Amino acid sequence: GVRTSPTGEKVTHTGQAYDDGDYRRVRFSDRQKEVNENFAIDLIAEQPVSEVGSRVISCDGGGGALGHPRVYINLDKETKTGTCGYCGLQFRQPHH
Amino acid sequence: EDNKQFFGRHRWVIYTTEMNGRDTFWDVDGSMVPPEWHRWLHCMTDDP
Amino acid sequence: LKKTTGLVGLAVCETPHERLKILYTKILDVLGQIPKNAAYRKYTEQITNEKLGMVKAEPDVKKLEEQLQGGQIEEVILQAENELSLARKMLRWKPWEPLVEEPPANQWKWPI
Amino acid sequence: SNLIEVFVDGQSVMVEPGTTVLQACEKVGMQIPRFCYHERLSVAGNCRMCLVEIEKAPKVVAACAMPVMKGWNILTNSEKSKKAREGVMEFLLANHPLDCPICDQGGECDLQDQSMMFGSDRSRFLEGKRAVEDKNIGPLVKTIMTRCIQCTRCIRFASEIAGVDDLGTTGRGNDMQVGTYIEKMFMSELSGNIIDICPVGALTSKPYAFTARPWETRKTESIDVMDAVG
Amino acid sequence: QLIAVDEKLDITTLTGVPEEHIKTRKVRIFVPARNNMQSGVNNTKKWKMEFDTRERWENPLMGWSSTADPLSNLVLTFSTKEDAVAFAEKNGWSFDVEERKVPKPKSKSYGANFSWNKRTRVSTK
Amino acid sequence: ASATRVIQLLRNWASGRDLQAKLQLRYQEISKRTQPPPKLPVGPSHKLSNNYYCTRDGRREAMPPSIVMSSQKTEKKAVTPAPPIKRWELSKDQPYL
Amino acid sequence: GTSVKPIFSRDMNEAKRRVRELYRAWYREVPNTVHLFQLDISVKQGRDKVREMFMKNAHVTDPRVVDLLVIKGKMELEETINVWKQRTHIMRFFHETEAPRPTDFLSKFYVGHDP
Amino acid sequence: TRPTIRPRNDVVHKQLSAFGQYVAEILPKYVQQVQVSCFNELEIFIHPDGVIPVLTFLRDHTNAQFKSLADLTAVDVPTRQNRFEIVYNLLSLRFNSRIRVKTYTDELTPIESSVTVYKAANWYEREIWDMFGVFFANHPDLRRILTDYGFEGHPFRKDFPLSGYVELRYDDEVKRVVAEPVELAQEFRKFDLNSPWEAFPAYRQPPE
Amino acid sequence: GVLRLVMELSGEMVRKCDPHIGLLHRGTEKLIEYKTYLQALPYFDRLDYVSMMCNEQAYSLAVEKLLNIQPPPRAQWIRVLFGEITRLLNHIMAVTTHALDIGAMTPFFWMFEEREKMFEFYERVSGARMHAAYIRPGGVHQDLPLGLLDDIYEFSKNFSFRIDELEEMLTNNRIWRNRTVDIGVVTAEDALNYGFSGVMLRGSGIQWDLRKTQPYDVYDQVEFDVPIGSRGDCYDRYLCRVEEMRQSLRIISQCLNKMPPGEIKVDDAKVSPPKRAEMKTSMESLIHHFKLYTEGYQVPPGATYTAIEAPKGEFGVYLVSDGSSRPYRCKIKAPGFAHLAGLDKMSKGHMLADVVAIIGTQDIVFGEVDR
Amino acid sequence: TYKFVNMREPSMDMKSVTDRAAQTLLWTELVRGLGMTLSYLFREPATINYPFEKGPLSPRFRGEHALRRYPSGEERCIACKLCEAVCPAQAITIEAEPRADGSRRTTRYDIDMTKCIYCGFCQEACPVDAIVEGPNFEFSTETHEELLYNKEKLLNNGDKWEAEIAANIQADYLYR
Ligand SMILES: CCCCCCCC/C=C\CCCCCCCC(=O)O[C@H](COC(=O)CCCCCCC/C=C/CCCCCCCC)COP(=O)(O)OCCN
Ligand code: SF4
Ligand code: SF4
Ligand code: SF4
Ligand code: SF4
Ligand code: FES
Ligand SMILES: [Mg+2]
Ligand SMILES: [Zn+2]
């Protein structure tokens, strides 16, 4: 989800872009600006919400000991979905 | 590969002459090896 | 007689019993001038008297080495000379006297 | 005068009548472990982390609520008190979530530090932990409810100091939860202090979230100027 | 064997500190306050000496935090207030001393929670 | 080593040793660069019961040093720091080089 | 009371004669030091620098501090006469690369927050 | 004490205690205190005036004879009236033992050089003078040994800044290496790691 | 390394020798006061950068003694095995550099091939060729890979021939003997007084070895001999170092045959960090991992002096703890300091070219001298 | 037990003296050293043909740093700052804030390659394995500035080396 600054630079995932009057852009002349093309927020937004018939679900990120610490997520609030604090995955009870 | 050579000389790479944008007939370097072949070539694994 | 004691700079001392006896006698003579109640005087007199008794009660040199628990009689002689020098210097020092002064209220308090 | 003599680890101390075991230990220089006791709040006795052994007594007493008696010899570093501390810490950590890296109270956690100094170094809990849903009490206090240890410091502060009876416990036993039972914002001029008194990351600062770790911060003592209280 | 000279100690000429880092700095001698995020009191036992905060600016490259004073991270620990004052005086630094804050004793009573007629009685526990 | 027989004999004679037994260049004998997964045994402290930490706390058994003759507060045989060190034995495997 | 152990001297007179003795040695050395290190400074301004360095410590009223400063000065003399120092070590006394720091209030107010 | 705990050795503790009492008896003029640690280490606290005698005794006495100086160093404690403490570590090969002798001093009081007793002490005292500013009387040649020529102050002292007061660079205008006040691009980050909730009850201090 | 040496010569003879040090003084001891114990561990790799794990072992022993804990037996066996490998590395360095300075220059390559193999062992066990930071104050960091002991055995059954080739080049050569014999003779009393240790003592006939008199890890369970010189010259010290290489091979064999099973760090999570799986599954393990990698462990107050028999001599640390997680004071005692201090007396009445031989036989590395 | 290295006494009979004189005059041990060198010439050298051949390495090897991400594509780093705290050289600088979706992510993650000691403490302190020290070592640079890494450079390194990094972690995670 890389956008383009009005002056012409690529906007990073953090959102920092040099302003039009900023002298510090002179460092990028005859060179390039290091920007990562994969935005983690969009990539985790593309993930489908898992459907589980449990009131509490456990997540460790996948891989066992190669993931994050195992945490438990509550799914009682039907308005929203349960989100993992580490991995960002989303879970939901089977409404209707 | 050639397992009859001693350890260190039993694996080698012949570099390409034209990588991304430059002529590499002479100007070869060790950074041209992709990560999987990097793992194989440095004997970090026995599996290509 | 054995040669090359093995310690560089330490020469073989032929007829070591006489040297040991002279050194112990001089040690006792220097010790005599120290006040009687001083702990150093009585401790060093006890040790020197024991060693002199063992050297006078044993003509052999290897058995004397095993009894004296220092080994290599040459370095026992060297230790006797060091003890004599210390006795003279420490008679000059007079450390049997009371502590000069106490340290600051919290000089040795650890932590902080 | 009216002072009575009590012994902490065999050392005599003279205390007022009604002085608790915890304060008697304080007067000699020891701090008893605690999670629910606060000087400015009313005594609760819920946590049981202050359990200490009184010599020649088979049962441990809650130091935060038990008034000291004359001639009592507290045994603060006794084997029984250490075992009680380890058991209580085990019970506290049995259902606690593995949230330390993402918790805003990493290096400022009383739970963490008291686990390091008074608990065990491992777990024997082979079951699954519980998870309760978070509550929303406004834009100032961020609530992550699973982390909460049911100390009830927030309820006592709200009822006694802030003068607001909005906070309470609902349910029973293991499933009992601290909150409001309705979508309602706990908003008062003293609302932020519940972040400080909460020993865990159940109540954190929302504007301060994720920004800094405590070991990095430089502390400058200064004076408020937002009013004339100073 | 003893001079028996009577004068305040002054070692400023021997420590090698530059002149403008002696007469210009202002040290603070204090007992650090307790972190209100925790209820432990082990960090409020000693006395601390620290210098005054100087300019901290942003590095033009990478935006790190640059400084220009050598004494920004210097903190000393002392057993008593008098020791810190003596150190500051013998090192030639002007100081501000703050008296130690002690939490006053409090009257705690569990039974007061369940009062018959007083306001203390708690609505819940 | 892919060495001819005559060169092997020449190097053996010039050195005076049989080189082929102890080549300095690694060959097939070395362990494979890919290995099976390990298991790694757990420590003594892992026990589920009768494992209270206060019974295995090494740091909490450290104590301040014992004070003898704080100056602020009989035959008497002489004593040494420790018993005299025994002389070494002369290496009845190859005493002289 | 306040009895203190001597280092070299008992009173300020012995300290002053040591300081004077040290000063003479430095004075003799400067012409030689200037020539040997191929310094672009003159002997006059070198000796003025010597005078300034000695006057920096002119407010000391303690024989122990005075003769310890004499010991340090003798250590420096040693490093210079034996050519253990280099041209840079000697020229560090003059600060020819540091910009002049103004002293008046207005200039300090303009440059930054430093008093 | 199951396997994770360091085993004790009471025989060495008793031997070191007895020897400390012995040394204390022989030299009451200087020895102020004797201690044995829980890991069997004997340290002897003496008066500054007794550096030359006590060391000499420990080197020359038939019973002790610590002929090797393992290390000589200084420790700075700013909160004490006598700022610096001098530590001597000695090894006895005859009895296979180690001893420690501690002394105190401040900025202006010199300590007698022990070069005569041990040849090894000459460099050690030079380093102590360089890093702590403790002057040693009668040293053969006392001067800086590790710091740069013309360096002002002593780095090992607690008050001295971690990065010092001056830094070096090369200047093309004067064509030489010059020194200017330190200006870090990124300031060293100070961490407050000490926690509340004391770790070791056995070392708790009286509340005064 | 880097050395400034000021000397006065009457004709050919060196009347006086003065070494000026501090060209590699980085202020390690002051920097240690701003780190935790785990953070301060990697400095000891840099102290004597020819013998890394020996410094690691000395620091770990000091911290363990202050902590009142002990490592598991397998960790101690691994420590002694890698300490002997480190001894082999250091002695190869010392002998080959001595010969290189004198002018042989061939065994330097001959034995740096083996040194490269031993860096391969270091890298396989820790991931770093020379500054592994493997030995931690609670044991070792990671367990050995499944195929490491076999390769160590294969290497160690061929090293004696390399030592034999080195001796063929050096021990009986008349030029080498004329360069080393009767050079830098030191008496036993002078060596003891000046503070010498290790070979510098054992070359003068002194029977002293810390792995024998005061064993520290498992050295009282292994059998080896202590080579002793007879003349106190460079030749005797060279022969002693060669024989120590052979004895190190012997100890390596014994360690290989007697490696026990079990864990590698002390089963006390308040000192040694737990495993990754436990950290990612257990609440207590996660809390202890967090606190050990942010604050570190607190060490009870006290001062210790721990010394080990390093390849260069007695390497020691005087460690002072005030009860926090950062060391209050850390003094490092290196044998090279005393050896270079005695270099002046060692080079009296000798030629100018003999100073090089004396410096070489003293085995001086300025990282540990300057600190 | 102890051994003597130089405690031999040469024989003084006529045959031994003649043997020593023959050694002195005909240079026998010099010829022995020459023969050792000559034999050592005729054996295969130990040189490898870099860069076409590479030295052996291990899955544990510590090289260039990289930031990894989950299979879904979101970065593993949660801004816990444990790597920054443990860093013995203070080479890591971290700044964080809540992301637009409320996630706990870094806004700044810089590592100074010229202050790094490549000890690996950061990767073992990491709870979620976000930061690893990968197998690359051939990243020499012509200017000091390009050795000052920011978050974008480290994320690019992770995306570049993820295959080998994951393979090495798979090979070695059972020892950690
Ligand atoms: C019946 C009628 C016969 C008449 C009598 C003739 C009999 C001859 C018997 C004696 C002949 C021998 C003379 C040869 C030269 C000897 C000189 C000598 O021995 O000097 C050595 C010195 O020799 C050397 O050290 C030279 C070594 C230099 C390095 C060179 C490496 C040697 C190998 C290279 C190959 C030589 C090739 C020779 C042939 C060349 C063809 C052109 C002594 O020195 P040190 O052992 O240190 O003792 C002195 C202290 N008292
Ligand atoms: S509240 Fe404390 S113990 Fe719980 S997750 Fe946060 S830091 Fe960890
Ligand atoms: S939110 Fe905090 S203060 Fe309130 S009950 Fe839970 S742990 Fe206690
Ligand atoms: S490898 Fe070590 S020095 Fe480098 S960033 Fe990680 S913790 Fe810091
Ligand atoms: S330890 Fe890992 S998760 Fe924590 S800040 Fe560092 S890279 Fe991110
Ligand atoms: S502090 Fe007493 S029960 Fe909680
Ligand atoms: Mg909180
Ligand atoms: Zn997840």
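For this deposition, the record names cryo-EM as the technique by which the model was determined and cites 2.7 Å as its resolution.

Colleague: Before we move on, could you go through the pattern of salt bridges and cite the residues and values that matter?
Modeller: Oppositely charged side chains are able to pair whenever their charged atoms sit close together. Summed over the entire model, instances satisfying the criterion amount to 120 salt bridges over all chains. A salt bridge links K151 of chain J to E75 of chain J, with the nearest nitrogen and oxygen atoms 3.0 Å apart. Placement of the pair is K151 of chain J in helix α5 (residues 151-172) and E75 of chain J in the loop between β2 (65-67) and α3 (82-86), with a sequence separation of 76 residues. On the basis of relative accessibility, which here comes to 4%, the residue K151 of chain J falls in the buried class. Residue classification places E75 of chain J among the buried residues on the basis of a relative accessible area of 4%. Among the charged side chains, a salt-bridge network with shared partners connects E84, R87, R202, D209, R211, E244 and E309 of chain I.

Colleague: Account for the packing of aromatic side chains, with residues named and values stated.
Modeller: The geometry of an aromatic ring pair comes down to the distance between the two centres and the angle between the two planes. Counted according to the given criterion, the structure contains 46 aromatic pairs over all chains. Measuring from centroid to centroid gives 6.1 Å for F8 of chain G and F135 of chain H, while their planes differ by 80°, and the two rings are edge-to-face. Of this pair, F8 of chain G sits in the segment before α1 (12-36) while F135 of chain H sits in the loop between α3 (121-132) and β7 (136-137), on two different chains. Between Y2 of chain J and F4 of chain J the ring centres are 5.3 Å apart and the planes differ by 85°, which places this aromatic pair in the edge-to-face class. Taken together, the ring pairs connect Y43 of chain C together with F19, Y22 and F66 of chain H into an aromatic cluster. Sitting over the ring of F224 of chain I, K212 of chain I keeps its end group 4.4 Å from the ring centre.

Colleague: Can you tell me about the coordination of the magnesium ion (ligand 7), naming the residues and giving the values?
Modeller: Residues and elements named next belong to chain D. Distances from the magnesium ion (ligand 7) to its protein donors, namely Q105 (OE1), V200 (O) and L203 (O), fall within the range 2.4 to 2.8 Å. Considered as a linear motif, the donors of the magnesium ion (ligand 7) on their single chain read Q-x94-V-x2-L. With a gap of 98 residues between them, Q105 in the loop between α2 (79-94) and α3 (110-118) and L203 in strand β9 (residues 203-205) connect regions that are remote in the sequence.

Colleague: Can you tell me about the sheet that holds strand β1 (residues 31-36) of chain H, naming the residues and giving the values?
Modeller: Taken in spatial order, the six strands line up as β1(F)-β1(H)-β2(H)-β5(H)-β4(H)-β3(H) in an open sheet, and their pairing is mixed. The sheet is open, and its two borders are formed by β1 (66-68) of chain F together with β3 (68-76) of chain H, each paired with just one other strand. Put simply, the sheet's adjacent strands are angled 25° from each other on average, direction ignored. Alignment of β3 of chain H against strand β4 (residues 84-92) of chain H, held across eight bridges, turns out to be antiparallel.

Colleague: A description of the interface of chain H and chain I should follow, citing residues and the corresponding values.
Modeller: Contact with chain H, which involves 57 residues of that partner, is made by 55 residues of chain I. Both sides together, the interface formed by chain H and chain I hides about 5100 Å², and carbon and sulfur atoms give 57% of it. At the surface where chain H touches chain I, the tally comes to five salt bridges. Linking chain H to chain I there are 24 residue pairs in polar contact.

Colleague: Give me the lowdown on the side chain of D363 of chain I, citing residues and values where you can.
Modeller: All names here are of chain I. Within the secondary structure layout, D363 lies in the loop between α17 (352-362) and α18 (366-370). Among the polar contacts made by the side chain of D363, one reaches the side chain of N90 at a distance of 3.4 Å. Aside from chain neighbours lying at most four places away, what touches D363 is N90, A94, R241 and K312.

Cut-off values and rules
- Residues numbered from 1 in each chain as written, not as in the entry; some residues may be left out.
- Chains lettered and ligands numbered in written order.
- Part of a larger assembly, values for the part shown.
- Heavy atoms only, no water.
- Salt bridge = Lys/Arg side-chain N within 4 Å of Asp/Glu carboxyl O.
- Helix = DSSP H or I, 4+ residues; strand = E, 2+ residues; numbered from the N terminus.
- Buried < 20%, exposed > 50% of the residue type's maximum accessible area, 1.4 Å probe, protein only.
- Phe/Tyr/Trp six-rings, centres within 6.5 Å; stacked < 30°, edge-to-face > 60°.
- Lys NZ or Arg CZ within 6 Å of the ring centre and 35° of its normal.
- Donors = N, O, S within 2.8 Å, 3.2 Å for Na, K, Ca; no water.
- Pairing = 2+ DSSP bridges.
- Axes fitted to C-alpha atoms, helices over the stretch in contact; angles between N-to-C directions.
- Contact = heavy atoms within 4.5 Å.
- Buried area = accessible area lost by both parts, 1.4 Å probe.
- Polar contact = N/O pair within 3.5 Å; in protein donor to acceptor, adjacent residues only side chain to side chain.

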